[PDB]
Amino acid sequence: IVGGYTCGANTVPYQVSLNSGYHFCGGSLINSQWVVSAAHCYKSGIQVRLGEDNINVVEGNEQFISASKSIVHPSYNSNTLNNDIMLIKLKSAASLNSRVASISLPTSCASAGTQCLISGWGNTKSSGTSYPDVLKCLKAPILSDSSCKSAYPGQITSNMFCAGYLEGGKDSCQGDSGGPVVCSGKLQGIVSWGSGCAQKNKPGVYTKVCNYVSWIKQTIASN
Ligand SMILES: NC(=[NH2+])c1ccc2nc[nH]c2c1
Ligand SMILES: [Ca+2]
Ligand SMILES: [Cl-]
Ligand SMILES: [Zn+2]
Ligand SMILES: [Zn+2]
């Protein structure tokens, strides 16, 4: 995350780290046995780490559980990143506590203007590379579809929204992919893509989760 701050211990308790020997993507816990992340984070052999703050230090608050299965959306397009969502089922149920909580799915979509919290362990340097080890947070608003589409012409679909600041400065970045965008206590977005990180006129693009709630609910119930 660039221009964000250190969240702190368990302030984003639904945050997950996807690990395949190292941390490669983020995710959101939606109930004791399921995690939603981005389809471009699919890898085989995923281990989910819950209650993580520093991904390089075990502080006795974690739960390391392997995935039993992954489901990438039927319409995921890896070229356009349209429908970039995937579900990961956990082998055993995580134990929910103060440090590990699930986030709720929305009943409606959020409006431009709404303030969201974006979190993750991705790069922190726009012009450079720095990978933090503690969780970073960023409060950003949903931008208007017009400001989003003028920034990426012919590339935004109804399944994507933009959030951030056009002045550049703060934004999601490499690593943070798969992570949550929570607005008014609901999981409304998933970090999906952007043009570099925090550049002027280049906000991040997020999967608009409100368009997949019936697919999520149906898929989890039959798997
Ligand atoms: N600028 C962004 N918000 C962004 C987020 C995730 C990415 N994954 C590759 N590039 C990315 C860029
Ligand atoms: Ca740790
Ligand atoms: Cl992350
Ligand atoms: Zn990350
Ligand atoms: Zn990515």
# chains A, B, ... in the order shown; residues from 1 in each chain; ligands from 1
$ residues_near_ligand --ligand "ligand 4" --cutoff "6 Å" --atoms "only C-alpha atoms and all ligand atoms" --output "number ranges by chain"
A: 24-26, 120-122, 175-177
$ residues_near_ligand --ligand "ligand 2" --cutoff "12 Å" --atoms "only C-alpha atoms and all ligand atoms" --output "ChimeraX atom specification"
/A:9-10,16-17,23,48-64,99,121,133-135
$ write_last_selection --atoms "C-alpha atoms" --output "compact mmCIF listing (two decimals), in the first residue's frame"
# COMPACT_ATOMS: atom_id res chain seq x y z
CA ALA A 9 -2.73 -5.26 15.92
CA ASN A 10 -6.01 -6.84 14.88
CA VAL A 16 -5.69 -13.05 5.38
CA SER A 17 -2.32 -13.69 3.84
CA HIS A 23 3.36 -14.24 0.99
CA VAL A 48 -3.78 -19.26 4.57
CA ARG A 49 -2.42 -17.40 7.52
CA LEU A 50 -4.98 -15.65 9.73
CA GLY A 51 -4.32 -13.21 12.67
CA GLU A 52 -1.14 -11.93 11.02
CA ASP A 53 0.30 -8.52 11.60
CA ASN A 54 4.01 -9.07 10.79
CA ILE A 55 4.31 -11.77 8.14
CA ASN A 56 7.95 -12.46 9.06
CA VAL A 57 7.39 -12.91 12.85
CA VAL A 58 5.11 -15.47 14.49
CA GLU A 59 3.60 -13.51 17.45
CA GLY A 60 1.55 -16.42 18.79
CA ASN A 61 -1.71 -15.04 17.31
CA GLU A 62 -1.79 -16.89 14.08
CA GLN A 63 -3.61 -19.71 12.56
CA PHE A 64 -1.88 -21.29 9.52
CA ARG A 99 -7.87 -11.29 16.08
CA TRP A 121 1.39 -6.18 2.90
CA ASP A 133 6.19 -6.77 6.93
CA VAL A 134 3.39 -5.21 8.98
CA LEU A 135 -0.09 -4.55 7.74
$ residues_around --residues "residue A:141" --least-positions-apart "6" --cutoff "7 Å" --atoms "only C-alpha atoms" --output "PyMOL selection string"
chain A and resi 113-116+163-164
$ residues_around --residues "stretch 88-93 of chain A" --least-positions-apart "3" --cutoff "9 Å" --atoms "only C-alpha atoms" --output "number ranges by chain"
A: 31-37, 46-48, 65-72, 96, 220, 223
$ select_by_dssp --residues "chain A" --states "strand (DSSP E or B)" --output "ChimeraX atom specification"
/A:2,5-6,15-19,23-31,34-37,47-50,63-72,77,82,86-90,104,115-120,136-142,160-163,171,180-183,186-193,199,202,204-208
$ write_last_selection --atoms "C-alpha atoms" --output "PDB file, in the first residue's frame"
ATOM      1  CA  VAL A   2       1.594   3.361  -0.789  1.00  0.00           C
ATOM      2  CA  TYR A   5      -0.368   3.822   7.633  1.00  0.00           C
ATOM      3  CA  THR A   6       0.379   0.853   9.907  1.00  0.00           C
ATOM      4  CA  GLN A  15      -7.462  -9.944   6.670  1.00  0.00           C
ATOM      5  CA  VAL A  16      -5.692 -13.046   5.382  1.00  0.00           C
ATOM      6  CA  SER A  17      -2.324 -13.686   3.844  1.00  0.00           C
ATOM      7  CA  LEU A  18      -2.027 -16.249   1.012  1.00  0.00           C
ATOM      8  CA  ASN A  19       1.349 -18.082   1.320  1.00  0.00           C
ATOM      9  CA  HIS A  23       3.359 -14.240   0.988  1.00  0.00           C
ATOM     10  CA  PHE A  24       2.062 -13.649  -2.506  1.00  0.00           C
ATOM     11  CA  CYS A  25      -1.502 -12.238  -2.111  1.00  0.00           C
ATOM     12  CA  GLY A  26      -4.131 -11.063   0.366  1.00  0.00           C
ATOM     13  CA  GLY A  27      -7.673 -12.237   1.052  1.00  0.00           C
ATOM     14  CA  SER A  28     -10.772 -11.683   3.315  1.00  0.00           C
ATOM     15  CA  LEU A  29     -12.310 -14.278   5.614  1.00  0.00           C
ATOM     16  CA  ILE A  30     -16.069 -14.477   5.071  1.00  0.00           C
ATOM     17  CA  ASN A  31     -16.889 -17.283   7.557  1.00  0.00           C
ATOM     18  CA  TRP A  34     -14.081 -19.659   3.345  1.00  0.00           C
ATOM     19  CA  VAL A  35     -11.825 -16.896   2.009  1.00  0.00           C
ATOM     20  CA  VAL A  36     -12.450 -14.565  -1.029  1.00  0.00           C
ATOM     21  CA  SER A  37      -9.437 -13.272  -2.912  1.00  0.00           C
ATOM     22  CA  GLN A  47      -1.644 -21.917   2.938  1.00  0.00           C
ATOM     23  CA  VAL A  48      -3.775 -19.261   4.573  1.00  0.00           C
ATOM     24  CA  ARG A  49      -2.423 -17.399   7.521  1.00  0.00           C
ATOM     25  CA  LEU A  50      -4.978 -15.649   9.728  1.00  0.00           C
ATOM     26  CA  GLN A  63      -3.612 -19.708  12.555  1.00  0.00           C
ATOM     27  CA  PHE A  64      -1.876 -21.290   9.522  1.00  0.00           C
ATOM     28  CA  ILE A  65      -4.437 -23.434   7.606  1.00  0.00           C
ATOM     29  CA  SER A  66      -4.136 -24.946   4.151  1.00  0.00           C
ATOM     30  CA  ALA A  67      -6.748 -24.606   1.487  1.00  0.00           C
ATOM     31  CA  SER A  68      -8.675 -27.768   0.614  1.00  0.00           C
ATOM     32  CA  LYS A  69      -9.923 -26.235  -2.695  1.00  0.00           C
ATOM     33  CA  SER A  70     -10.057 -23.031  -4.842  1.00  0.00           C
ATOM     34  CA  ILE A  71     -12.827 -21.925  -7.216  1.00  0.00           C
ATOM     35  CA  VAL A  72     -12.009 -19.184  -9.742  1.00  0.00           C
ATOM     36  CA  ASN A  77     -10.785 -13.337 -18.062  1.00  0.00           C
ATOM     37  CA  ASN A  82     -12.902  -8.956 -15.592  1.00  0.00           C
ATOM     38  CA  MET A  86     -11.897 -16.715  -6.448  1.00  0.00           C
ATOM     39  CA  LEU A  87     -13.043 -18.609  -3.340  1.00  0.00           C
ATOM     40  CA  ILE A  88     -10.688 -20.635  -1.195  1.00  0.00           C
ATOM     41  CA  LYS A  89     -12.105 -23.205   1.242  1.00  0.00           C
ATOM     42  CA  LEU A  90     -10.071 -23.972   4.361  1.00  0.00           C
ATOM     43  CA  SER A 104     -19.835  -9.373   5.915  1.00  0.00           C
ATOM     44  CA  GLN A 115     -14.999   5.899   2.368  1.00  0.00           C
ATOM     45  CA  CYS A 116     -13.356   2.503   2.361  1.00  0.00           C
ATOM     46  CA  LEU A 117     -10.452   0.894   4.122  1.00  0.00           C
ATOM     47  CA  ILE A 118      -8.003  -0.989   1.929  1.00  0.00           C
ATOM     48  CA  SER A 119      -5.345  -3.131   3.730  1.00  0.00           C
ATOM     49  CA  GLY A 120      -2.371  -5.442   2.790  1.00  0.00           C
ATOM     50  CA  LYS A 136      -0.662  -1.206   6.086  1.00  0.00           C
ATOM     51  CA  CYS A 137      -4.079   0.509   5.821  1.00  0.00           C
ATOM     52  CA  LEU A 138      -5.432   3.230   3.600  1.00  0.00           C
ATOM     53  CA  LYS A 139      -8.764   5.043   3.839  1.00  0.00           C
ATOM     54  CA  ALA A 140      -9.875   5.937   0.285  1.00  0.00           C
ATOM     55  CA  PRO A 141     -13.231   6.876  -1.319  1.00  0.00           C
ATOM     56  CA  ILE A 142     -14.990   5.249  -4.211  1.00  0.00           C
ATOM     57  CA  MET A 160     -15.004  -3.012 -11.482  1.00  0.00           C
ATOM     58  CA  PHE A 161     -14.859   0.251  -9.536  1.00  0.00           C
ATOM     59  CA  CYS A 162     -11.998   2.625  -8.720  1.00  0.00           C
ATOM     60  CA  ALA A 163     -11.060   4.067  -5.356  1.00  0.00           C
ATOM     61  CA  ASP A 171      -3.133   3.586  -3.562  1.00  0.00           C
ATOM     62  CA  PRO A 180     -10.171  -6.254   1.112  1.00  0.00           C
ATOM     63  CA  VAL A 181     -11.862  -2.916   0.416  1.00  0.00           C
ATOM     64  CA  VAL A 182     -14.418  -2.487   3.177  1.00  0.00           C
ATOM     65  CA  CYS A 183     -16.921   0.286   3.190  1.00  0.00           C
ATOM     66  CA  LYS A 186     -19.225  -4.551   4.256  1.00  0.00           C
ATOM     67  CA  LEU A 187     -16.762  -6.243   1.894  1.00  0.00           C
ATOM     68  CA  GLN A 188     -17.345  -4.222  -1.275  1.00  0.00           C
ATOM     69  CA  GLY A 189     -14.083  -4.665  -3.149  1.00  0.00           C
ATOM     70  CA  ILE A 190     -11.076  -6.884  -3.775  1.00  0.00           C
ATOM     71  CA  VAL A 191      -7.699  -5.319  -4.845  1.00  0.00           C
ATOM     72  CA  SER A 192      -7.396  -6.260  -8.493  1.00  0.00           C
ATOM     73  CA  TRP A 193      -5.232  -3.946 -10.688  1.00  0.00           C
ATOM     74  CA  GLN A 199       0.392   7.839  -9.973  1.00  0.00           C
ATOM     75  CA  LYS A 202      -4.283   6.332 -11.987  1.00  0.00           C
ATOM     76  CA  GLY A 204      -6.611   1.374  -8.198  1.00  0.00           C
ATOM     77  CA  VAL A 205      -9.311  -0.845  -9.747  1.00  0.00           C
ATOM     78  CA  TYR A 206     -11.273  -3.253  -7.512  1.00  0.00           C
ATOM     79  CA  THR A 207     -13.562  -6.211  -8.117  1.00  0.00           C
ATOM     80  CA  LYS A 208     -17.115  -4.978  -7.312  1.00  0.00           C
TER      81      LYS A 208
END
$ atom_distance --atom1 "atom 12 (C, counted along the ligand's line) of ligand 1" --atom2 "atom CA of residue A:196"
5.4 Å
$ closest_residue --among "A:43, A:73, A:125, A:149" --to "residue A:209" --atoms "only C-alpha atoms"
A:73
$ closest_residue --among "A:102, A:159, A:123, A:150" --to "ligand 1" --atoms "only C-alpha atoms and all ligand atoms"
A:123
$ atom_distance --atom1 "atom 7 (C, counted along the ligand's line) of ligand 1" --atom2 "atom CA of residue A:107"
26.6 Å
$ residues_around --residues "residue A:214" --least-positions-apart "3" --cutoff "12 Å" --atoms "only C-alpha atoms" --output "number ranges by chain"
A: 105-108, 209-211, 217-221
$ write_last_selection --atoms "N, CA and C atoms" --output "PDB file, in the first residue's frame"
ATOM      1  N   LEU A 105     -20.784  -9.741   3.767  1.00  0.00           N
ATOM      2  CA  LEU A 105     -20.979  -9.477   2.318  1.00  0.00           C
ATOM      3  C   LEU A 105     -22.067  -8.384   2.290  1.00  0.00           C
ATOM      4  N   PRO A 106     -22.073  -7.572   1.269  1.00  0.00           N
ATOM      5  CA  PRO A 106     -22.995  -6.420   1.212  1.00  0.00           C
ATOM      6  C   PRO A 106     -24.382  -6.868   0.748  1.00  0.00           C
ATOM      7  N   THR A 107     -25.361  -6.060   1.051  1.00  0.00           N
ATOM      8  CA  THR A 107     -26.770  -6.324   0.658  1.00  0.00           C
ATOM      9  C   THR A 107     -26.967  -5.393  -0.552  1.00  0.00           C
ATOM     10  N   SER A 108     -26.207  -4.335  -0.655  1.00  0.00           N
ATOM     11  CA  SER A 108     -26.327  -3.401  -1.814  1.00  0.00           C
ATOM     12  C   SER A 108     -24.897  -2.908  -2.191  1.00  0.00           C
ATOM     13  N   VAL A 209     -17.549  -6.571  -5.581  1.00  0.00           N
ATOM     14  CA  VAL A 209     -18.135  -7.754  -4.891  1.00  0.00           C
ATOM     15  C   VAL A 209     -19.673  -7.753  -4.845  1.00  0.00           C
ATOM     16  N   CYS A 210     -20.326  -6.618  -4.776  1.00  0.00           N
ATOM     17  CA  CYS A 210     -21.812  -6.651  -4.720  1.00  0.00           C
ATOM     18  C   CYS A 210     -22.446  -7.387  -5.910  1.00  0.00           C
ATOM     19  N   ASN A 211     -21.718  -7.536  -6.992  1.00  0.00           N
ATOM     20  CA  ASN A 211     -22.257  -8.241  -8.211  1.00  0.00           C
ATOM     21  C   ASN A 211     -22.107  -9.750  -8.164  1.00  0.00           C
ATOM     22  N   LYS A 217     -22.602 -16.943  -2.298  1.00  0.00           N
ATOM     23  CA  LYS A 217     -23.478 -17.755  -1.425  1.00  0.00           C
ATOM     24  C   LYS A 217     -23.836 -19.113  -1.985  1.00  0.00           C
ATOM     25  N   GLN A 218     -24.073 -19.175  -3.255  1.00  0.00           N
ATOM     26  CA  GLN A 218     -24.439 -20.488  -3.861  1.00  0.00           C
ATOM     27  C   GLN A 218     -23.257 -21.416  -3.927  1.00  0.00           C
ATOM     28  N   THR A 219     -22.141 -20.873  -4.319  1.00  0.00           N
ATOM     29  CA  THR A 219     -20.933 -21.723  -4.419  1.00  0.00           C
ATOM     30  C   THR A 219     -20.509 -22.223  -3.071  1.00  0.00           C
ATOM     31  N   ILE A 220     -20.457 -21.392  -2.080  1.00  0.00           N
ATOM     32  CA  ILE A 220     -20.028 -21.917  -0.764  1.00  0.00           C
ATOM     33  C   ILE A 220     -20.980 -22.987  -0.217  1.00  0.00           C
ATOM     34  N   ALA A 221     -22.242 -22.765  -0.447  1.00  0.00           N
ATOM     35  CA  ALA A 221     -23.238 -23.753   0.066  1.00  0.00           C
ATOM     36  C   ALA A 221     -23.146 -25.077  -0.660  1.00  0.00           C
TER      37      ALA A 221
END
$ closest_residue --among "A:12, A:213, A:38, A:112" --to "ligand 1" --atoms "only C-alpha atoms and all ligand atoms"
A:38
$ atom_distance --atom1 "atom CA of residue A:3" --atom2 "atom CA of residue A:148"
19.8 Å
$ residues_around --residues "residue A:124" --least-positions-apart "6" --cutoff "9 Å" --atoms "only C-alpha atoms" --output "list in words"
residues 1, 2, 3, 4, 130, 131, 132, 136, 172, 173, 174 and 197 of chain A
$ select_by_dssp --residues "stretch 25-219 of chain A" --states "alpha helix (DSSP H)" --output "PyMOL selection string"
chain A and resi 145-151+213-219
